[PDB]
Amino acid sequence: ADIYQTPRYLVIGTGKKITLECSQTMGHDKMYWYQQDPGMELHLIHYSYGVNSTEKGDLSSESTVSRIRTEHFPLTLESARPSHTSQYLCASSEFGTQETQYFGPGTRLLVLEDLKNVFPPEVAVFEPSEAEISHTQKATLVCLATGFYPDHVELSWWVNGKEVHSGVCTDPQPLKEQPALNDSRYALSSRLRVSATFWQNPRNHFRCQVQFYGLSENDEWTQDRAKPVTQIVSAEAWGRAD
Amino acid sequence: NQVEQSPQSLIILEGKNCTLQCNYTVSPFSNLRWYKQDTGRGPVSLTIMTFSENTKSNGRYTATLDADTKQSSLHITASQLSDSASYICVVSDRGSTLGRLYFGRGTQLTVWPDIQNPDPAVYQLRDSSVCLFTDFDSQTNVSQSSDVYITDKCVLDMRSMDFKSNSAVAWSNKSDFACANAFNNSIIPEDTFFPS
Amino acid sequence: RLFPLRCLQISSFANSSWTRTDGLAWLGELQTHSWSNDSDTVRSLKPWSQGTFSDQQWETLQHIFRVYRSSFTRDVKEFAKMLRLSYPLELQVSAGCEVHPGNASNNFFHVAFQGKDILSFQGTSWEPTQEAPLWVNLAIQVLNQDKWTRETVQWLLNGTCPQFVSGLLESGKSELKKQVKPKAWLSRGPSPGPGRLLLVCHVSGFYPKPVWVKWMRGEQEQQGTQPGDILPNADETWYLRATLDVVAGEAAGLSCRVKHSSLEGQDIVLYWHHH
Amino acid sequence: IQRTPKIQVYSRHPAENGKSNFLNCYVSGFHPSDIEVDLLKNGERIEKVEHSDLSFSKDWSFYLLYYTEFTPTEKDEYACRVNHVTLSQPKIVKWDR
């Protein structure tokens, strides 16, 4: 029992219809919707006291919410707009001696004029340096997602079928491949560091995986290249004896 | 904004202590709370306290309220890399769900590693074109570049052997781009290992 | 004799923008304070209204009230949303205590919505009225979350009220004992027949309120006396009017016995007819 | 609109034509608190009427006292007109001396 939001990220064309889903499997009665433009404090857009109560904070937002089951409190934009780009955060609260607030993972919404230039990643994996292996007795692996738009992505390492967390580094933010351009593409790097043995033993399999958040089966794609859709692009490498 | 915080941001070495500040004008004041927001995630409530309190604790985190002067403070102890986040201070004006909550803009905390055994080096890697700068204390700073892409520094933690290291990556589409030349726009320690 | 403090509040919300809260206090029958929407302090009405409290004590009290009025207002507007009630709303509170001989005291705090009881304060908590609507149970839940308000209401009723009412009693001492003699006379109203007459026995200008009037045949209590409402005068005396539906002339001759307290015994008895 | 006002008109002292007196109009047992009350000389509204503070009784219904200083003659009729959401035409009660 937690609190959830889908989707994690969302790219959408202007004028169309957005619905951000929020779900709560704790018992809580009260819920809130916040809007967090980057570098700014949490602004409150709607709240509800429980089933059938849906109020607004602030005199501005054009969004509407509904509450008909305790567990669902979904946000809706009737016709998207560039001005709607933001992070959106959903939360609930309880009593049983003081109040306590529980927040969801949130949604990154980006709204464009037309998604004609959305692009999936191209992943490549790079193999540990020999000098590094002898000098330090360790081995660094570099993964490299490149050429994607928008900057809506999750990267992960898989060693021998299983996902790993220890020894990993990933850029907190993706870097613009052509800065000073509004419709620019992005890249992103990640490291994985392991023992002198672990790499050399040739029955060890290292896999880098990138989750891209792109287009849906309802956006009208007309172009000679393949529809840039939500997907997973991946690249891998094998342990090397000498 | 009736809730104000300080400092805007700060940088500490791991294992050190630190203290953050929150000031408010909210009236009536009923209660106040500290929220840790990791980057890209949702806020997580740490402590809530009233004037009937003066002190709260939650692991290495301790908050203390002075209701008279209208000021709170948050103390982290023996900091860790996992502490790097934005800490938000929020104040409530009722002791029921019948009240508004006011949100501070938040303080940005960045915790860097305490590398005791520096061993600075720039290696080349192959795919089938990528240079890796690595193992340098947090005294070093990596900066950007035109058709060469260089990433910021990034802490990596091998939890098994209790070993932490810093690293940056440079790569380029260009023809002659070489590792001995890659990180020239950054101030790198004059003892770095350039192998082959 | 007994003198309860009674603090009344009258709050009226027509829409969610127009709203007013006016208050007032009575010690016994005498009104001692008043507090209207537009004023940000509490008006005293007797030279001795501050009782025995210091000028700084009286201030921190007025402050508590000031914070309550404004906060009470927003909270109602906000209950309206949660409980789904439609404007106009009418809320009344009646709170106060009564100090008893030998150091004891009891107290109260009842509120009423659209003119019917809905809740009150008991010991430490809010409680619903026997037969109050369903929604009331939610309001109570939300009111009882506020631990600080509960202890403040409790401190005020169990502790502050008794201390204030004690002072008022020895500081408004000579006014609470004042006595004012009435003037009485007889007249003849509209006919309820024919052929019967209406007998009216006026009694004006007495104080305190407790009084006793009846129509007499000598020592014989002639029931069928219709005593009116004891009415107010601007100068804080009272006015009574006792009637008798009768056959003319049985009587004449009849009497009206006025039993007030000053008049320490030698009361006034009037005979039909002298006008 | 729950309870309809009860209006009673009276005077402080036994009226003797051409003597300074007080006229009292008392409205009680009404609900809600929105009310409008006039004292009338002949048929026109008296301008120097002053009232007591709005209060209520144990059963939660409101009451107030309106009064003005006057001098009666055999000439004049005096009245109290009261308006409230519980009655569709303003009620006027006559002063009976």
# chains A, B, ... in the order shown; residues from 1 in each chain; ligands from 1
>>> residues_around(residues="residue 52 (chain D)", least_positions_apart="4", cutoff="9 Å", atoms="only C-alpha atoms", output="list in words")
residues 234 of chain C; 64, 65, 66 and 67 of chain D
>>> write_last_selection(atoms="N, CA, C and O atoms", output="PDB file, in the first residue's frame")
ATOM      1  N   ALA C 234     -35.927  50.978  28.252  1.00  0.00           N
ATOM      2  CA  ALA C 234     -34.589  51.448  27.858  1.00  0.00           C
ATOM      3  C   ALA C 234     -33.653  51.719  29.049  1.00  0.00           C
ATOM      4  O   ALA C 234     -32.424  51.630  28.924  1.00  0.00           O
TER       5      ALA C 234
ATOM      6  N   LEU D  64     -35.467  42.096  20.035  1.00  0.00           N
ATOM      7  CA  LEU D  64     -34.893  43.417  20.301  1.00  0.00           C
ATOM      8  C   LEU D  64     -35.947  44.450  20.668  1.00  0.00           C
ATOM      9  O   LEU D  64     -37.120  44.263  20.366  1.00  0.00           O
ATOM     10  N   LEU D  65     -35.511  45.526  21.328  1.00  0.00           N
ATOM     11  CA  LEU D  65     -36.382  46.619  21.745  1.00  0.00           C
ATOM     12  C   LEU D  65     -36.041  47.910  21.030  1.00  0.00           C
ATOM     13  O   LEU D  65     -34.928  48.409  21.148  1.00  0.00           O
ATOM     14  N   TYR D  66     -37.011  48.433  20.287  1.00  0.00           N
ATOM     15  CA  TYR D  66     -36.917  49.741  19.647  1.00  0.00           C
ATOM     16  C   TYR D  66     -37.684  50.774  20.459  1.00  0.00           C
ATOM     17  O   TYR D  66     -38.793  50.502  20.925  1.00  0.00           O
ATOM     18  N   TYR D  67     -37.106  51.961  20.615  1.00  0.00           N
ATOM     19  CA  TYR D  67     -37.745  53.018  21.392  1.00  0.00           C
ATOM     20  C   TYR D  67     -37.371  54.409  20.903  1.00  0.00           C
ATOM     21  O   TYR D  67     -36.295  54.606  20.326  1.00  0.00           O
TER      22      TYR D  67
END
>>> interface_residues(of="chain B", to="chain C", cutoff="9 Å", atoms="only C-alpha atoms", output="PyMOL selection string")
chain B and resi 28+30+52+94-99
>>> write_last_selection(atoms="N, CA and C atoms", output="mmCIF file, in the first residue's frame")
data_model
loop_
_atom_site.group_PDB
_atom_site.id
_atom_site.type_symbol
_atom_site.label_atom_id
_atom_site.label_comp_id
_atom_site.auth_asym_id
_atom_site.auth_seq_id
_atom_site.Cartn_x
_atom_site.Cartn_y
_atom_site.Cartn_z
ATOM 1 N N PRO B 28 -2.519 32.522 12.280
ATOM 2 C CA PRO B 28 -1.944 31.862 13.451
ATOM 3 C C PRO B 28 -0.978 30.775 13.025
ATOM 4 N N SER B 30 0.297 27.097 13.754
ATOM 5 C CA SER B 30 -0.014 25.913 14.493
ATOM 6 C C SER B 30 1.117 24.867 14.517
ATOM 7 N N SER B 52 4.000 22.984 21.650
ATOM 8 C CA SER B 52 4.015 21.897 22.647
ATOM 9 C C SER B 52 5.228 20.960 22.470
ATOM 10 N N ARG B 94 -3.421 25.721 11.101
ATOM 11 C CA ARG B 94 -4.454 25.144 11.974
ATOM 12 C C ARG B 94 -3.921 23.802 12.457
ATOM 13 N N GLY B 95 -4.501 23.267 13.532
ATOM 14 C CA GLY B 95 -4.169 21.912 13.981
ATOM 15 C C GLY B 95 -5.222 20.904 13.558
ATOM 16 N N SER B 96 -5.917 21.193 12.458
ATOM 17 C CA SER B 96 -6.868 20.269 11.812
ATOM 18 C C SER B 96 -6.709 20.309 10.271
ATOM 19 N N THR B 97 -7.413 19.441 9.533
ATOM 20 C CA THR B 97 -7.369 19.473 8.048
ATOM 21 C C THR B 97 -8.037 20.730 7.480
ATOM 22 N N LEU B 98 -8.509 21.581 8.384
ATOM 23 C CA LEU B 98 -9.218 22.784 8.037
ATOM 24 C C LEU B 98 -8.279 23.965 7.741
ATOM 25 N N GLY B 99 -6.988 23.689 7.553
ATOM 26 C CA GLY B 99 -5.984 24.747 7.378
ATOM 27 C C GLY B 99 -5.132 24.749 6.108
#
>>> residues_around(residues="residue 93 (chain A)", least_positions_apart="5", cutoff="12 Å", atoms="only C-alpha atoms", output="PyMOL selection string")
(chain A and resi 2-3+24+26-32+47-50+98-104) or (chain B and resi 45+96-97)
>>> residues_around(residues="residue 42 (chain D)", least_positions_apart="2", cutoff="10 Å", atoms="only C-alpha atoms", output="list in words")
residues 39, 40, 44, 45, 46, 75, 76, 77, 78 and 79 of chain D
>>> write_last_selection(atoms="N, CA, C and O atoms", output="JSON list (two decimals), in the first residue's frame")
[["chain", "number", "residue", "atom", "x", "y", "z"],
["D", 39, "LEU", "N", -40.78, 52.66, 13.63],
["D", 39, "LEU", "CA", -41.83, 53.30, 14.42],
["D", 39, "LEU", "C", -42.51, 54.44, 13.64],
["D", 39, "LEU", "O", -41.83, 55.29, 13.05],
["D", 40, "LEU", "N", -43.85, 54.48, 13.64],
["D", 40, "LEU", "CA", -44.60, 55.41, 12.78],
["D", 40, "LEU", "C", -45.42, 56.50, 13.51],
["D", 40, "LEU", "O", -46.31, 56.18, 14.31],
["D", 44, "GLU", "N", -46.07, 58.23, 8.71],
["D", 44, "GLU", "CA", -44.69, 58.47, 8.29],
["D", 44, "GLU", "C", -43.68, 57.96, 9.32],
["D", 44, "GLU", "O", -43.96, 57.96, 10.52],
["D", 45, "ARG", "N", -42.51, 57.54, 8.83],
["D", 45, "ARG", "CA", -41.44, 56.95, 9.66],
["D", 45, "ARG", "C", -40.73, 57.98, 10.56],
["D", 45, "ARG", "O", -40.29, 59.03, 10.09],
["D", 46, "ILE", "N", -40.64, 57.66, 11.86],
["D", 46, "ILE", "CA", -39.88, 58.47, 12.82],
["D", 46, "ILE", "C", -38.37, 58.28, 12.59],
["D", 46, "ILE", "O", -37.91, 57.15, 12.39],
["D", 75, "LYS", "N", -54.72, 63.99, 18.88],
["D", 75, "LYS", "CA", -54.60, 64.06, 17.42],
["D", 75, "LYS", "C", -53.99, 62.80, 16.78],
["D", 75, "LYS", "O", -54.60, 62.19, 15.87],
["D", 76, "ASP", "N", -52.81, 62.40, 17.27],
["D", 76, "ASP", "CA", -51.95, 61.44, 16.58],
["D", 76, "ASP", "C", -52.24, 59.98, 16.87],
["D", 76, "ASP", "O", -52.61, 59.60, 17.99],
["D", 77, "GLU", "N", -52.06, 59.16, 15.83],
["D", 77, "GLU", "CA", -51.97, 57.70, 15.93],
["D", 77, "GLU", "C", -50.49, 57.25, 15.83],
["D", 77, "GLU", "O", -49.74, 57.74, 14.97],
["D", 78, "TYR", "N", -50.07, 56.34, 16.71],
["D", 78, "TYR", "CA", -48.70, 55.80, 16.71],
["D", 78, "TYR", "C", -48.64, 54.28, 16.51],
["D", 78, "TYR", "O", -49.48, 53.55, 17.03],
["D", 79, "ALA", "N", -47.63, 53.81, 15.77],
["D", 79, "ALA", "CA", -47.55, 52.40, 15.36],
["D", 79, "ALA", "C", -46.12, 51.83, 15.28],
["D", 79, "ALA", "O", -45.14, 52.59, 15.31]]
>>> residues_around(residues="residue 24 (chain B)", least_positions_apart="3", cutoff="8 Å", atoms="only C-alpha atoms", output="ChimeraX atom specification")
/B:2-4,70-71,91
>>> write_last_selection(atoms="C-alpha atoms", output="compact mmCIF listing (two decimals), in the first residue's frame")
# COMPACT_ATOMS: atom_id res chain seq x y z
CA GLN B 2 5.54 34.04 4.43
CA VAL B 3 8.05 31.18 4.71
CA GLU B 4 11.73 31.90 4.11
CA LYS B 70 9.40 32.41 14.66
CA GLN B 71 12.29 30.26 13.55
CA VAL B 91 4.25 25.63 8.01
>>> residues_around(residues="region 5-21 of chain D", least_positions_apart="3", cutoff="9 Å", atoms="only C-alpha atoms", output="VMD selection string")
(chain C and resid 183 to 185 202 204 to 205 233 to 234 239) or (chain D and resid 24 to 31 62 to 63 68 to 74 79 to 84 86 to 87 91 to 97)
>>> select_by_dssp(residues="region 12-196 of chain B", states="strand (DSSP E or B)", output="VMD selection string")
chain B and resid 12 to 13 18 to 24 31 to 37 44 to 49 56 to 58 61 to 66 71 to 76 85 to 92 101 to 103 107 to 112 121 to 126 130 to 134 148 to 150 154 to 158 163 to 172 193
>>> closest_residue(among="A:119, A:238, A:158, A:149", to="chain B", atoms="only C-alpha atoms")
A:238
>>> interface_residues(of="chain B", to="chain A", cutoff="9 Å", atoms="only C-alpha atoms", output="PyMOL selection string")
chain B and resi 31+39-45+48-49+88+95-97+102-106+119+121+123-130+132+146-147+149-160+164+167+169+195-196
>>> select_by_dssp(residues="region 96-228 of chain C", states="helix (DSSP H, G or I)", output="PyMOL selection string")
chain C and resi 136-144+147-171
>>> write_last_selection(atoms="N, CA, C and O atoms", output="tab-separated table (two decimals), in the first residue's frame")
chain	number	residue	atom	x	y	z
C	136	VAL	N	-23.10	16.30	11.35
C	136	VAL	CA	-22.57	16.78	12.63
C	136	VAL	C	-21.44	15.91	13.15
C	136	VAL	O	-20.47	16.43	13.69
C	137	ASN	N	-21.54	14.59	12.98
C	137	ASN	CA	-20.50	13.64	13.42
C	137	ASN	C	-19.13	13.85	12.75
C	137	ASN	O	-18.10	13.58	13.36
C	138	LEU	N	-19.14	14.32	11.51
C	138	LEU	CA	-17.92	14.67	10.81
C	138	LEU	C	-17.33	15.97	11.36
C	138	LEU	O	-16.12	16.05	11.60
C	139	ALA	N	-18.17	16.98	11.58
C	139	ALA	CA	-17.71	18.24	12.15
C	139	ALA	C	-17.02	17.96	13.47
C	139	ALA	O	-15.93	18.47	13.72
C	140	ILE	N	-17.63	17.13	14.30
C	140	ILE	CA	-17.06	16.84	15.62
C	140	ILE	C	-15.68	16.21	15.47
C	140	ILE	O	-14.73	16.54	16.21
C	141	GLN	N	-15.56	15.31	14.50
C	141	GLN	CA	-14.31	14.62	14.28
C	141	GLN	C	-13.23	15.67	14.01
C	141	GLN	O	-12.17	15.65	14.65
C	142	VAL	N	-13.53	16.60	13.10
C	142	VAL	CA	-12.57	17.63	12.67
C	142	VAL	C	-12.27	18.64	13.78
C	142	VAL	O	-11.16	19.13	13.86
C	143	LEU	N	-13.27	18.96	14.60
C	143	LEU	CA	-13.07	19.89	15.74
C	143	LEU	C	-12.19	19.30	16.81
C	143	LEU	O	-11.40	20.01	17.42
C	144	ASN	N	-12.32	18.00	17.05
C	144	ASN	CA	-11.54	17.34	18.09
C	144	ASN	C	-10.08	17.03	17.71
C	144	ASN	O	-9.29	16.65	18.58
C	147	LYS	N	-6.06	19.87	19.20
C	147	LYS	CA	-5.79	19.70	20.62
C	147	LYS	C	-5.59	21.01	21.36
C	147	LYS	O	-6.03	21.14	22.49
C	148	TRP	N	-4.95	21.98	20.73
C	148	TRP	CA	-4.71	23.26	21.39
C	148	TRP	C	-5.99	24.05	21.64
C	148	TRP	O	-6.11	24.70	22.68
C	149	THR	N	-6.95	24.01	20.71
C	149	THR	CA	-8.20	24.72	20.92
C	149	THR	C	-8.96	24.11	22.07
C	149	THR	O	-9.54	24.82	22.89
C	150	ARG	N	-8.94	22.78	22.15
C	150	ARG	CA	-9.66	22.08	23.21
C	150	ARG	C	-9.16	22.47	24.58
C	150	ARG	O	-9.96	22.69	25.50
C	151	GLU	N	-7.86	22.60	24.73
C	151	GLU	CA	-7.31	22.91	26.04
C	151	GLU	C	-7.50	24.38	26.42
C	151	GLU	O	-7.56	24.74	27.59
C	152	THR	N	-7.61	25.21	25.39
C	152	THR	CA	-7.89	26.62	25.56
C	152	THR	C	-9.34	26.82	26.00
C	152	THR	O	-9.60	27.54	26.96
C	153	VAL	N	-10.28	26.17	25.32
C	153	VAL	CA	-11.68	26.25	25.72
C	153	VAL	C	-11.84	25.77	27.17
C	153	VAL	O	-12.57	26.37	27.94
C	154	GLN	N	-11.12	24.71	27.51
C	154	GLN	CA	-11.18	24.08	28.83
C	154	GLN	C	-10.62	25.00	29.92
C	154	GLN	O	-11.24	25.19	30.96
C	155	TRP	N	-9.45	25.56	29.66
C	155	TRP	CA	-8.82	26.53	30.55
C	155	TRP	C	-9.72	27.73	30.78
C	155	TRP	O	-9.80	28.23	31.89
C	156	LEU	N	-10.40	28.18	29.73
C	156	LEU	CA	-11.27	29.35	29.80
C	156	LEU	C	-12.52	29.12	30.62
C	156	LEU	O	-12.98	30.03	31.29
C	157	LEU	N	-13.07	27.91	30.57
C	157	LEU	CA	-14.34	27.60	31.22
C	157	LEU	C	-14.13	27.15	32.64
C	157	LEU	O	-14.80	27.63	33.54
C	158	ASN	N	-13.19	26.23	32.84
C	158	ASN	CA	-12.92	25.67	34.16
C	158	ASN	C	-12.16	26.62	35.07
C	158	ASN	O	-12.26	26.53	36.29
C	159	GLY	N	-11.42	27.55	34.46
C	159	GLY	CA	-10.48	28.41	35.20
C	159	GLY	C	-10.61	29.92	35.09
C	159	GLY	O	-10.64	30.62	36.11
C	160	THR	N	-10.67	30.43	33.87
C	160	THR	CA	-10.72	31.87	33.66
C	160	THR	C	-12.10	32.44	33.96
C	160	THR	O	-12.21	33.46	34.62
C	161	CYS	N	-13.15	31.78	33.49
C	161	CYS	CA	-14.50	32.26	33.71
C	161	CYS	C	-14.80	32.46	35.20
C	161	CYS	O	-15.18	33.57	35.61
C	162	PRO	N	-14.62	31.39	36.02
C	162	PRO	CA	-14.85	31.50	37.46
C	162	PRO	C	-14.11	32.65	38.14
C	162	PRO	O	-14.70	33.34	38.96
C	163	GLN	N	-12.84	32.85	37.79
C	163	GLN	CA	-12.06	33.98	38.29
C	163	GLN	C	-12.57	35.36	37.88
C	163	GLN	O	-12.40	36.33	38.60
C	164	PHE	N	-13.19	35.45	36.71
C	164	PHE	CA	-13.68	36.71	36.19
C	164	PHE	C	-15.01	37.04	36.81
C	164	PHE	O	-15.27	38.18	37.18
C	165	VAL	N	-15.86	36.03	36.94
C	165	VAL	CA	-17.18	36.22	37.50
C	165	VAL	C	-17.12	36.53	39.00
C	165	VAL	O	-18.01	37.21	39.51
C	166	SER	N	-16.09	36.05	39.69
C	166	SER	CA	-15.90	36.38	41.10
C	166	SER	C	-15.62	37.86	41.28
C	166	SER	O	-16.25	38.52	42.11
C	167	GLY	N	-14.69	38.39	40.48
C	167	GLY	CA	-14.38	39.81	40.48
C	167	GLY	C	-15.58	40.69	40.19
C	167	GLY	O	-15.87	41.61	40.95
C	168	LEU	N	-16.29	40.40	39.10
C	168	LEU	CA	-17.47	41.15	38.70
C	168	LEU	C	-18.50	41.27	39.80
C	168	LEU	O	-19.18	42.28	39.89
C	169	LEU	N	-18.62	40.23	40.63
C	169	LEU	CA	-19.61	40.17	41.70
C	169	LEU	C	-19.33	41.11	42.87
C	169	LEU	O	-20.26	41.64	43.48
C	170	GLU	N	-18.06	41.30	43.20
C	170	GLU	CA	-17.71	42.25	44.25
C	170	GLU	C	-17.42	43.64	43.67
C	170	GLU	O	-17.35	44.60	44.43
C	171	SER	N	-17.26	43.75	42.36
C	171	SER	CA	-16.99	45.06	41.75
C	171	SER	C	-18.25	45.73	41.20
C	171	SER	O	-18.34	46.95	41.11
>>> residues_around(residues="region 113-117 of chain B", least_positions_apart="2", cutoff="12 Å", atoms="only C-alpha atoms", output="short mmCIF file (atom, residue, chain, number, x, y, z; two decimals) with C-alpha atoms, in the first residue's frame")
data_model
loop_
_atom_site.label_atom_id
_atom_site.label_comp_id
_atom_site.auth_asym_id
_atom_site.auth_seq_id
_atom_site.Cartn_x
_atom_site.Cartn_y
_atom_site.Cartn_z
CA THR A 136 44.06 0.00 -10.12
CA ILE B 11 28.30 21.97 -0.15
CA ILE B 12 29.70 19.67 2.48
CA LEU B 13 32.11 16.74 2.70
CA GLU B 14 30.64 13.43 3.86
CA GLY B 15 30.68 12.61 7.58
CA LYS B 16 30.44 16.28 8.48
CA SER B 79 26.12 13.23 6.62
CA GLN B 80 26.11 10.73 3.79
CA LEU B 81 26.07 10.92 0.02
CA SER B 82 22.40 9.83 0.12
CA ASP B 83 21.63 13.13 1.96
CA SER B 84 22.10 15.25 -1.16
CA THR B 110 25.13 18.73 -2.02
CA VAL B 111 27.32 16.17 -0.23
CA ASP B 119 44.85 8.36 -7.86
CA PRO B 120 43.95 10.72 -10.78
CA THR B 134 38.57 9.22 -12.64
CA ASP B 135 39.70 8.86 -8.96
CA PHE B 136 40.14 12.53 -7.86
CA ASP B 137 39.27 14.27 -4.58
CA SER B 138 36.39 16.76 -4.50
CA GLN B 139 38.84 19.66 -4.82
CA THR B 140 38.66 19.14 -8.63
CA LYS B 153 31.50 14.84 -12.17
CA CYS B 154 29.57 11.99 -10.56
CA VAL B 155 30.13 9.92 -7.35
CA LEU B 156 30.19 6.14 -7.56
CA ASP B 157 29.90 3.80 -4.56
CA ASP B 162 33.60 0.58 1.05
CA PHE B 163 35.32 2.40 -1.83
CA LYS B 164 33.99 5.59 -3.45
CA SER B 165 35.26 7.38 -6.57
CA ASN B 166 34.58 10.44 -8.74
CA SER B 167 34.38 10.32 -12.56
#
>>> closest_residue(among="D:35, D:43, D:3, D:88", to="chain C", atoms="only C-alpha atoms")
D:3
>>> closest_residue(among="A:147, A:82, A:161, A:239", to="residue 13 (chain A)", atoms="only C-alpha atoms")
A:82
